[PDB]
Amino acid sequence: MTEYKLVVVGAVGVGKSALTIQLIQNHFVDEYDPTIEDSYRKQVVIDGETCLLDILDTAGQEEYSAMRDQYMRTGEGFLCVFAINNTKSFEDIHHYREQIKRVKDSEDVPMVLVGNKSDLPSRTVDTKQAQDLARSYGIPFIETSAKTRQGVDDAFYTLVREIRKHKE
Ligand SMILES: COc1ccc2[nH]cc(CN(C)C)c2c1
């Protein structure tokens, strides 16, 4: 069995744990908890292929800068989930992108753009502009609300598809 190695990163006020737990045990928590290092490993079926995903939830606080630059070339995919309600996290993505490219040492890298809190009428991040920004890198942008769970399953399939395309 192929063990997929990926991590979940994001800014403050995104609610990353809402999306992870939703797929892990189908549960949604409204409470906010700054998960520093929480393991979310589960058997996932991708295209009829049951595999083990080493999913880890990591917080992106400035308190851990050196620790965050310690190692990065040990992950296949970096789940960068932002919130459509947080315009800061949307613009911050550029910084994260630059960081990834710097360490990856390669431009050929499969990535996707998923946004959380799409169930909020308080939209700050425009989908049109997001599409343009995503198309600049060649990555797809999908709105994935954890509360109602809209297009989250399908989004995960596409995320892994690009990784498989990179494999072969
Ligand atoms: C770079 O740190 C990473 C990246 C991806 C990973 N997949 C699995 C692991 C290890 N696991 C114990 C979290 C991991 C670490």
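Residues numbered from 1 in each chain as written, not as in the entry; some residues may be left out. Heavy atoms only, no water.

As stated in the entry header, the method of structure determination is solution NMR.

Topic: the overall build of the protein
Using the following cut-off: We count a stretch as a helix when DSSP gives it H or I for four or more residues in a row; a strand needs E for two or more, and each element gets its number in order from the N terminus. Both definitions apply: the radius of gyration is a C-alpha atom measure, and the globule rule equals 2.2 Å times residues to the power 0.38. The contact definition used throughout considers only heavy atoms, calling two residues in contact when any of these lie within 4.5 Å. Surface accessibility in these figures is a Shrake-Rupley result with a 1.4 Å probe; residues are shielded only by whichever protein chains are displayed. Charge counting treats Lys and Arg as positive and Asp and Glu as negative, with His and both chain ends excluded. The atom standing in for a charge is NZ when the residue is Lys, CZ when it is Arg, CG when it is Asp and CD when it is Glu.
Secondary structure summary: the protein contains 4 helices and 7 strands in total. Relative to the 2.2 N^0.38 estimate, which gives 15 Å for 168 residues, the radius of gyration of the protein is 15 Å and therefore close to what a compact globule would have. The dimensions of the protein, computed from C-alpha atoms along their principal axes, are 40 × 35 × 30 Å. Once local pairs closer than 6 in sequence are excluded, the contacts in the protein between residues at least 24 apart make up 68%. For the protein, the computed accessible surface area is about 10,500 Å², with 48% contributed by carbon and sulfur atoms. Taken together, the 21 basic and 28 acidic charged side chains of the protein have centroids lying 3 Å from each other.

Topic: the packing of aromatic side chains
The description of an aromatic ring pair uses the distance of the two centres, along with the angle that the planes make with each other. Here is the rule: When the centres of two rings from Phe, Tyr and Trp lie within 6.5 Å, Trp using its six-membered ring, the rings pair. Their planes under 30 degrees apart give stacked, over 60 give edge-to-face, and anything left gives tilted. For every residue, the accessible area obtained with a 1.4 Å probe (protein chains only) is divided by the maximum for its type, and the residue is called buried under 20%, exposed over 50%, and partly exposed between those limits.
One pass over the structure, following the stated rule, counts 2 aromatic pairs. Between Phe 82 and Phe 90, the aromatic rings sit 5.5 Å apart at their centres with planes inclined by 40 degrees, giving tilted as the arrangement. For the pair formed by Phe 82 and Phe 90, the shared burial category is buried. Members of the aromatic cluster, joined through ring pairs, are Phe 82, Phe 90 and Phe 141.

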